[PDB]
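Atoms within a ligand are numbered from 1 in the order they appear, just like the ligands themselves. To find a chain, count down the sequence lines: A is the first, B the second, and so on, and within it residues start at 1.
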There are 2 protein chains.
Amino acid sequence: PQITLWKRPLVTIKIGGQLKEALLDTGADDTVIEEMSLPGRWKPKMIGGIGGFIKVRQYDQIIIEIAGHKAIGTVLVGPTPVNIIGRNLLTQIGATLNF
Amino acid sequence: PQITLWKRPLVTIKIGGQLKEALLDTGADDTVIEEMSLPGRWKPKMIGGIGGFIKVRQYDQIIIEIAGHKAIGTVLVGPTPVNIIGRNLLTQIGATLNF
Ligand SMILES: CCCC[C@@H](CN[C@@H](CCCC)C(=O)N[C@@H](CCC(N)=O)C(=O)N[C@@H](CCCNC(N)=[NH2+])C(N)=O)NC(=O)[C@@H](NC(=O)[C@@H](NC(C)=O)[C@@H](C)O)[C@@H](C)CC
């Protein structure tokens, strides 16, 4: 779909079998999801944002549906203000910025 | 134009008489530009995201050109690591997310 930006680009995602709401974020390199239980092994990683750096759990090759679109990639789980779908998965669903 | 997301969606912007590279951020409500001595009346603001918050100066009705596209709106100036074009301006240049 074509999504305008008058409202936050929020969509329903399905991860670990659980439905969640996430923000399609072109300004995010990666996909960061709020702390949750996720099946699989993970490795400690640190990411940055506008206010600084936070520690997250890096889960690789995670199956995730984004607005009805399937993606299999890295999902960082940690204390993010918002669940955000980053470029690693946006590219997987063929998302582009247009104007 | 159409911007793919393999790489950070960075574009040239013009603000306060200066040219800069800015990140088109669909996950940002507002526009945050790197610290610069912009003239005019402003109001203190605190904005956050991953890592926490940063103090910025809110300037209203600031003219900014985004990849050749003119827009006029609120620009927050402060210690941001990257120049961020948020939805307040992305909507003005007619930017959409498509997949
Ligand atoms: C989490 C909050 C929602 C998404 C977030 C994404 N912001 C981009 C801004 C770019 C950095 C300043 C970001 O954090 N991107 C991260 C996302 C995390 C990630 N890992 O992808 C990123 O790409 N980080 C890279 C940093 C690369 C730095 N570049 C470099 N080293 N060369 C990274 N891999 O750690 N939005 C925001 O940060 C904006 N906040 C908001 O829109 C709202 N605030 C809150 C708390 O939700 C609103 C209520 O203010 C800021 C700019 C104020 C308008």
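At a heavy-atom distance under 4.0 Å, only side-chain atoms of B:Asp25, from C-beta outward, approach ligand 1.
Given atom 24 (N) of ligand 1, the protein heavy atom at minimum distance is A:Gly48 O, 3.0 Å. Atom 33 (C) of ligand 1 has its closest protein heavy atom at A:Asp29 OD2, 3.7 Å. The protein atom (non-hydrogen) at minimum distance from atom 17 (C) of ligand 1 is A:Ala28 CB, 3.7 Å. The single protein non-hydrogen atom nearest to atom 52 (C) of ligand 1 is B:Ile84 CD1, 3.7 Å, given as residue, atom name and distance. When only non-hydrogen protein atoms are considered, atom 20 (N) of ligand 1 lies nearest to A:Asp30 OD2, 3.0 Å. The protein atom (non-hydrogen) at minimum distance from atom 30 (C) of ligand 1 is B:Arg8 NH2, 3.7 Å. What sits closest to atom 13 (C) of ligand 1 on the protein, heavy atoms only, is A:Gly27 O, 3.6 Å. The protein heavy-atom contact nearest to atom 2 (C) of ligand 1 is B:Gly49 CA, 3.9 Å.
Checked by atom type and distance alone, the side chain of A:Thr96 never pairs as donor or acceptor with a backbone atom of B:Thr4 at under 3.5 Å. Side chain of A:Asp25 to main chain of A:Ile84: no donor-acceptor pair is present (N/O by atom type, distance under 3.5 Å, no hydrogens or angles).
Contact between B:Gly86 and ligand 1 is absent, with no heavy atom of the residue lying under 4.0 Å from the ligand. Heavy atoms of A:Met46 stay at 4.0 angstrom or farther from ligand 1. Using 4.0 Å as the threshold, B:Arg87 has no heavy atom nearer than that to any atom of ligand 1.
Salt bridge B:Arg57/B:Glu35: present, at least one basic N to carboxylate O contact under 4.0 Å.
The number of heavy-atom neighbours closer than 6.0 Å to CD1 of B:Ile63, taken from other residues, nucleotides and ligands shown, is 12 or below. Other residues, nucleotides and ligands contribute only 12 or fewer heavy atoms inside 6.0 Å of the CD atom of A:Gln61.
Note: A:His69 and B:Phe99 have perpendicular aromatic rings, judged against thresholds of 30 and 60 degrees for the angle between ring planes.
Remark: the B:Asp30 side chain and the B:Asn88 side chain contain no N/O donor-acceptor pair separated by less than 3.5 Å. With 3.5 Å as the limit, one finds a donor-acceptor pair spanning the side chains of B:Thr12 and B:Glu21. Using modelled atom types, one finds a donor on one side chain and an acceptor on the other under 3.5 Å when comparing B:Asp60 with B:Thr74.
Annotation for ligand 1: atoms under 4.0 Å from non-hydrogen atoms of A:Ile47 are 20 (N), 35 (O). Those atoms of ligand 1 that come under 4.0 Å of a heavy atom in B:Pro81, given as number and element, are 12 (C). Listed by number with element, the atoms of ligand 1 under 4.0 Å from a non-hydrogen atom of A:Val82 are 47 (O).
Considering all non-hydrogen atoms of both residues, B:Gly16 and B:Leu38 come closest at CA-CD1, 3.6 Å.
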